[PDB]
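Participant: no FASTA, just this:
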RNA sequence: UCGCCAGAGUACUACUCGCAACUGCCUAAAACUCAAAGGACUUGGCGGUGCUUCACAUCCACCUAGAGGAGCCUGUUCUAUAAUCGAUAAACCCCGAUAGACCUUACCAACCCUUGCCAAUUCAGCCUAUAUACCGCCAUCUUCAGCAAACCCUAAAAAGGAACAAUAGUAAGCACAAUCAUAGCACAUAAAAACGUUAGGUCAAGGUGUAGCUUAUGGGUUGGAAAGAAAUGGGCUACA
RNA sequence: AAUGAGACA
Ligand SMILES: [K+]
Ligand SMILES: [K+]
Ligand SMILES: [K+]
Ligand SMILES: [K+]
Ligand SMILES: [Mg+2]
Ligand SMILES: [Mg+2]
Ligand SMILES: [Mg+2]
Ligand SMILES: [Mg+2]
Ligand SMILES: [Mg+2]
Ligand SMILES: [Mg+2]
Ligand SMILES: [Mg+2]
Ligand SMILES: [Mg+2]
Ligand SMILES: [Mg+2]
Ligand SMILES: [Mg+2]
Ligand SMILES: [Mg+2]
Ligand SMILES: [Mg+2]
Ligand SMILES: [Mg+2]
Ligand SMILES: [Mg+2]
Ligand SMILES: [Mg+2]
Ligand SMILES: [Mg+2]
Ligand SMILES: [Mg+2]
Ligand SMILES: [Mg+2]
Ligand SMILES: [Mg+2]
Ligand SMILES: [Mg+2]
Ligand SMILES: [Mg+2]
Ligand SMILES: [Mg+2]
Ligand SMILES: [Mg+2]
Ligand SMILES: [Mg+2]
Ligand SMILES: [Mg+2]
Ligand SMILES: [Mg+2]
Ligand SMILES: [Mg+2]
Ligand SMILES: [Mg+2]
Ligand SMILES: [Mg+2]
Ligand SMILES: [Mg+2]
Ligand SMILES: [Mg+2]
Ligand SMILES: [Mg+2]
Ligand SMILES: [Mg+2]
Ligand SMILES: [Mg+2]
Ligand SMILES: [Mg+2]
Ligand SMILES: [Mg+2]
């Protein structure tokens, strides 16, 4: 029955059954990963159960200048050699069950907040080791096809940043999740924004914007209290470099709109120097802990206007009801003042 | 890949020297045709694909034409149309259009001076001139083209060629001209043969539907045909079969002016009758003037019949008929 | 850009793409063009043949002088040391 | 089809080539036939330049053939023309002075004339409209009328003939019957005219 | 769809050698026969014995050289001597190759009662014809 | 500035006030049930939707020879016997079989054998169950032209990506194409035909996952699987 | 030309 035997690749290609019709449209819900074991991982050409020492294969051909001859092995010696092989195989099994504990994202199973390392180098040889990327949203996308039917595709939305004020985002979609990450990282560095940071810890002024159907409001904060924002905003803020911010999200909480709305609002930020130039007047910062000391932070380069600003007795500004309610001390929710973990 | 080509060139010359040394010929005249017959002998590869046989030729002819480097060390492109995607095609278009303006400008000056010294040389019908094929043109510009681009380029040449032609322009145009082979349907008239005091006898070959006929016609005898040593009337009882033999002779009005002996083997009665008919038509071309030979072709006498019995496909009752198809 | 519009009266793709690649553009803009993305717009006429020829010649001498005066200073630099 | 699109139908008539100088346009037709170097198909076995053949006879001979017996079909057609000739010769002898130069003794003339009287003038084709079929008369083309006349001749002599009477003699009788406008085939032709005339108001259904 | 001795297309990351890259209908058109002998001629006998011996060598050479075999063997039968041509990767030390060469030549000669020739050509890795 | 809106179904309903209404109008809940209901959009399929164009064995018009009727041969279903299995819309039905008197043979009835083919083995052996675990080898849409990977674009991207007097796409891989075979070419026929669809067919070519048997679902000997009430498919010979 | 789908994501 020697002719009845087959090749190792043929046997494993059939035993695994990873090419049939079961694994096409989710028909196979086994959920247990069948593992293929290479039976040639441990090989000693010449070694056998009977224990024959063939000169040339296992034992050296020449011993002390004399060529060895064919010889057998002692029963006790052969037992020890066989005991060595089985322990090696048991060790291999122990090194396969264990799995590397990946970085903990926003949760234990989602990919939100998981870093993928530095982006791939550009075609010109430029290397980006300072940039870091984070995953914001992974979602399976299905499409209806004439032949296959449900064509499952994976799209991801990642953001990159160096921590010095430059960051960007992009979306990458492919048939495989592994290929999806690669496309998202490379296309991210092509779209980069520069977000001005007042003293490299906070935005210059409070920002209120409405991107499509997403209402996001951000407020300036001192150095002590920082990074109290949406868990997706915190991921972007750490990449940009902002370390003190408060943000409240109202309306739709879609990840794509929130990311676009945040960058659009931050890219529209106005600095003190620009405000001084367009007004031709000095801007004075009144620190509360420094008393009534008039610290000057920016000066209008060029002509200085001698005409003071017209003082309006009652300013005409649009106030948000949430801001006034909190200021007067009427927000008594059981979630606003809760103690949380570190930033 | 310039260096790789250079390495192939030098070792091919060295390899040619070794082949000449082992073949025992003169290495100075070891031509490519000699190399092909030498390789076909040392390595007798039996394969039906003509391109799959072992080859050893000039690396320039083997390796496809490669694009040269388009920019210097500083990155500046050498040509001024490199940013158009297809520099070679558009440069040719730019030069071709520029020649048209120069011809128009030159013709305008000639009209001002009241002189017309140019003539239309587009008509090259006796030579058999045809424009470049798209595949041939792509191998001249070393760049891929499209059907829309090819048609535009050819039509532009027609405008250039329809204008008065200059000496420089014709040299430019003639690079885009190709000559077709000689086209003719005249047959080769076999000269008459004389043998052992026999005058005006010719031999013809005919074959139709697995039946080969050998007919030799004597121009000095009366009207009779001897097939396989027996009279044609006995050998062809069917009226239709004997009508086939009449068809060549009757068309030439020489039914009784030729004595023939025939030898036909294989096939049925009609296959032999058709084969003998074809052989006589080819054999009688020697005795007939050239003008009526053309008339012979127009009647279908000289054209062999390509209709042969087809095979039987596996899974079918016959050559085309299939088994009964029960829908349910 | 001697003409910022294509043959279908739409803004040229190169105008938008150049801004993406951060490439400054000097283009002649007609009365129906969009000078928003062009960093050095030149409001003028791009249809009459005399206008088009004038712009080409002006950029011919501007380039030639730049090429020549680059060479003249290089010659002076070579004899400096 | 082993013949490509370039191949054309050969010309067989010898007289077409022997007198070309009396016309100019026809000269341009065949001088360019070979000047264009167009290939010519092989001569068919059935057709020949013999002056004693006739195209209508070959088509009629082919239809009578069953299976692949061309010799038997040719033999039957030969006897049928002979059978008609014998009957016409016999009737000529037993005739008066004025009757002698009335009878036609040419079987080819009789055969050509017989078919030209059995051809229907207007045919019928079913048309589906409103879930029902209406027999709508149509002006059948010449080739269809010529083909239909031959089929009626073959169908009549094959079906309602006696077992003893031979095929060549039975067909000979019908040719004479059709030559006098009194054969059953002529009756069948009139019957098709009866149905076509009755449905004369349904001709508006057809759209061609 | 035909599946006899074919490798299916899977993106462009799986290398294929020349033998495996051609469908079986290309035999005698693009690639020759891996074995040549007189048994399958027109009027020659002794065809079944050659076939079974051929199959055994396909299984013996594959197991004698585990992993280091590149592709299929080539078997040539001249007179009564048997020639085996193989492509072997650079896996075993040259001492082991000569040991196996001597072991194979002697064992097969005394089993089929005919002289055996074993010629080896060594390549750095499997030769790739398409994809990759 | 006024009116109206607090998940869906129950509900333009029950009860209540007013009304020339009396099967009515207006006002308008709850018990209970569900974890959704609902707006817009994208691709695909489909349409007894419209417009234009087209079927060279093809749908109609139309050509020739046949099946369905009878005998016989053979294959299924049903009937029958103690007495296989598998195929069984197109893609089953002279099919696995280019092949069964014993053998083959896997079926039945009896009668024997328990390291029971091999060098060894607390192991050999299984035509035992699972084609819904599979490799192999195919059917099929199909002589349909589209599939897949790299990359770019879209005031966002579910997805889509062409205008030649060109308006966002690019170059390669597979398939078609070309080439090769049928001893000239041509034509024609063969051969080819990707990614997928039908959990299509095949544990009974063979191998093998999982489950089962182990003095028995294993091995051997002898004898025997009859029979056609009836129905049907594909064929041969005819009805001259 | 009326009807049909169950334990496929
Ligand atoms: K659609
Ligand atoms: K039948
Ligand atoms: K038995
Ligand atoms: K099994
Ligand atoms: Mg399968
Ligand atoms: Mg967890
Ligand atoms: Mg939500
Ligand atoms: Mg037939
Ligand atoms: Mg204008
Ligand atoms: Mg609300
Ligand atoms: Mg409710
Ligand atoms: Mg109502
Ligand atoms: Mg009511
Ligand atoms: Mg109430
Ligand atoms: Mg049909
Ligand atoms: Mg019959
Ligand atoms: Mg019957
Ligand atoms: Mg029957
Ligand atoms: Mg059965
Ligand atoms: Mg069954
Ligand atoms: Mg059993
Ligand atoms: Mg299946
Ligand atoms: Mg949109
Ligand atoms: Mg592509
Ligand atoms: Mg192509
Ligand atoms: Mg050929
Ligand atoms: Mg062909
Ligand atoms: Mg085929
Ligand atoms: Mg092909
Ligand atoms: Mg199934
Ligand atoms: Mg089915
Ligand atoms: Mg089944
Ligand atoms: Mg088994
Ligand atoms: Mg079974
Ligand atoms: Mg098993
Ligand atoms: Mg038993
Ligand atoms: Mg019946
Ligand atoms: Mg059949
Ligand atoms: Mg008989
Ligand atoms: Mg019902």
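Facilitator: Structure received. Residues are numbered from 1 along each chain as shown, chains lettered A, B, ... in the order given. Ligands and ions are numbered 1, 2, ... in the order given.
Participant: give the contact list for residue B:140.
Facilitator: For residue B:140, the contact set (CB atoms under 8 Å, 6 or more residues apart in numbering or on different chains) comprises residue B:132. (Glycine included, C-beta is placed from N, CA and C.)
Participant: can you rerun that using 10 Å?
Facilitator: B:65, B:88, B:92, B:132, B:175, B:176 (CB atoms under 10 Å, 6 or more residues apart in numbering or on different chains).
Participant: Could you do residue B:189 as well?
Facilitator: So residue B:189 contacts B:202, B:285, B:286, B:287, B:288, B:289, B:290, B:293 (CB under 10 Å, 6+ apart).
Participant: ok so it is a helix residue?
Facilitator: No - counting by DSSP: H, G, I helix; E, B strand; the rest coil, residue B:189 is not found in a helix; it is coil.
Participant: Would you show me how to pick out the buried ones of the contacts of residue B:140 in ChimeraX?
Facilitator: Buried residues within the contacts of residue B:140, by 16 or more other CB atoms under 10 Å in any protein chain shown, are selected in ChimeraX with:
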select /B:88,92,132,176
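Participant: mind listing which of the contacts of residue B:189 are in helices?
Facilitator: Taking DSSP state H, the ones among these that sit in helices are B:290, B:293.
Participant: Relative to RNA strand F, which of the contacts of residue B:189 is nearest.
Facilitator: residue B:285 (17.2 Å; CB to the nearest atom of the strand).
Participant: just the helices in the stretch 101-250 of chain B please.
Facilitator: B:134-141, B:147-162, B:167-174, B:232-235, B:239-251 (DSSP state H, counting those that start in this stretch).
Participant: now do chain E
Facilitator: Using DSSP H, helices in chain E cover E:48-64, E:94-112.
Participant: Which other helices and strands does the first one contact?
Facilitator: Spelled out, it's helix E:48-64. Contacts defined by 3 or more CB pairs under 10 Å, 6 or more residues apart in numbering or on different chains; DSSP states H and E place helix E:48-64 against strand E:35-36, strand E:74-78, strand E:81-89, helix E:94-112.
Participant: Now for residue E:94: which residues touch it?
Facilitator: residue E:122.
Participant: Oh, that last question was meant for residue D:182, not what I typed.
Facilitator: Residue D:182 touches residue D:176, counting by CB under 10 Å, 6+ apart.
Participant: Also residue D:191?
Facilitator: Applying CB under 10 Å, 6+ apart to residue D:191 gives the contacts residue D:120.
Participant: Backbone dihedrals for it, both of them.
Facilitator: Main-chain dihedrals, residue D:191, degrees, to the nearest 10: phi -60, psi -40.
Participant: mind listing the helices for chain D?
Facilitator: Secondary structure of chain D (DSSP H): helices located at D:15-18, D:25-35, D:55-64, D:70-93, D:97-100, D:107-117, D:142-159, D:167-179, D:184-198.
Participant: okay if I get those helices as CSV plus distance to residue C:62?
Facilitator: Putting those into CSV (distance: least, CB to CB, whole Å) gives the following:
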stretch, distance to residue C:62
helix D:15-18, 80
helix D:25-35, 64
helix D:55-64, 86
helix D:70-93, 92
helix D:97-100, 115
helix D:107-117, 93
helix D:142-159, 81
helix D:167-179, 101
helix D:184-198, 90
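Participant: before we move on, the earlier item: now the buried members of the contacts of residue B:189.
Facilitator: B:202, B:285, B:286, B:287, B:288, B:293.
Participant: OK, contacts around the fifth one?
Facilitator: By CB under 10 Å, 6+ apart, the contact set of residue B:288 is B:189, B:251, B:252, B:254, B:281, B:295, B:296.
Participant: And it, how close does it get to residue B:297?
Facilitator: Distance, residue B:288 to residue B:297, using CB to CB, to the nearest Å: 12 Å.
Participant: Could you do the third one as well?
Facilitator: In this structure, residue B:286 and residue B:297 are 15 Å apart, going by CB to CB.
Participant: Count residues in the vicinity of residue 110, would you?
Facilitator: You didn't say which chain, so I picked chain A. 12 (other CB atoms under 10 Å in any protein chain shown).
Participant: that's the wrong chain, I wanted chain E
Facilitator: For residue E:110, using other CB under 10 Å, the count is 10.
Participant: now swap in residue B:278 and tell me
Facilitator: Other residues within reach of residue B:278, judged by other CB under 10 Å, total 26.
Participant: Skip the chain neighbours and tell me the closest residue to the closest residue to ligand 9 within chain E.
Facilitator: Nearest residue of chain E to ligand 9 (CB to the ion) works out as residue E:12 at 49.1 Å. Take residue E:12 and drop its neighbours on the chain: the residue closest to it by CB to CB, 6 or more residues apart in numbering or on different chains is residue E:131, 5.2 Å away.
Participant: Spit out the contact partners of the one you found.
Facilitator: Residue E:131 neighbours (CB under 10 Å, 6+ apart): E:7, E:9, E:10, E:11, E:12, E:13, E:14, E:15, E:16, E:21.
Participant: Make sure I have this right: residue B:303 is in a strand.
Facilitator: No - the assignment for residue B:303, made by three-state DSSP, is coil rather than a strand.
Participant: what's the distance between residue A:167 and residue A:29?
Facilitator: From residue A:167 to residue A:29 the distance is 41 Å (CB to CB).
Participant: do the same with residue D:139
Facilitator: 71 Å.
Participant: that older thread, and which of the contacts of residue E:131 is nearest residue D:113?
Facilitator: Closest to residue D:113 out of the contacts of residue E:131 is residue E:9 (72.0 Å), distances taken as CB to CB.
Participant: Tell me who's in contact with that closest one.
Facilitator: Counting by CB under 10 Å, 6+ apart, the residues that residue E:9 touches are E:16, E:131.
Participant: quick one on the thing from earlier: higher neighbour count, residue D:139 and residue A:29?
Facilitator: Set side by side, residue D:139 and residue A:29 show more neighbours around residue D:139, with 12 against 6, by other CB under 10 Å.
Participant: Report the spatially nearest residue to the more buried one, omitting neighbours in sequence.
Facilitator: Per CB to CB, 6+ apart, closest to residue D:139 is residue D:122, 6.2 Å.
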